[PDB]
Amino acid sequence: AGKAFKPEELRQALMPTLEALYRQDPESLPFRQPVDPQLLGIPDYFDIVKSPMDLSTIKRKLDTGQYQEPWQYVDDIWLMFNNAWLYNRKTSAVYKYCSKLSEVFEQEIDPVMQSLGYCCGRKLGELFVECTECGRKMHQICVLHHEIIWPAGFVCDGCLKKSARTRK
C-alpha cells in the first residue's frame, strides 16, 4: 500500500504551486495565516470549520516533510478552499477570493503532478486505482479502459515504460 517520495523531492515539485497562490494580491491575504476567530470576531468559525487549513500550515508540512505523497498536499489545498467556501457567503469578498485561488491552482497543478508521474492534478476523489508496481494513485477515469483487462492489477504507464526500455 502506497508510495513515499523523498520530502525534498515533494517540496521542490510542489512549492511553486503554493507560491503561485501567495503571489495573488489581495486574494491570498485571508489564507496566509490560520484563521484566529478571537482576533477577527467570528467565534462561530470552529462550529462550522472542523478541520482548519491555511497556506502557512501547508508550507510547514512541505518543509518538515509531513507529506509522503502529493495527493495529500492537493487534499490540504482543497480543504482550505472548501473551508472558506463553506464558512463565507457566496456574495462575500473572501468566497470570490477563494474561487480566484482555486482557478489559479488548477492551471498550475496539472503539469506539476504530471512531472511527478501522475495522470493529472485534479482533486483525487474516491474513484482511484493504485499502481501495483510503484504505489501511485491515479484517477480511474484517466487511466482505465473498456478495452483492457489487468490480470495482475493496474500498472501505470511510467512503470510500463521502465520495463519496456529495460528489455532493450
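Don't overthink the numbering: it's just position in the shown sequence, from 1.
Of 54-62 and 123-131, the one with larger mean CA B-factor: According to the PDB entry, the answer is 123-131.
B-factor third for the C-alpha atom of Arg23 within its chain: It falls in the bottom third of the chain.
Chain-relative CA temperature factor third for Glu9: Highest third of the chain for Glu9's C-alpha B-factor.
Relative C-alpha B-factor of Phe46, binned into the chain's lowest, middle or highest third: It falls in the top third of the chain.
For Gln107, the third of its chain into which the C-alpha B factor falls: For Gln107, whose C-alpha B-factor we compare with every modelled residue in the chain, the answer is the highest third.
Entry-reported Cα temperature factor of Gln33, expressed as the chain third it lands in: Lowest third of the chain for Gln33's C-alpha B-factor.
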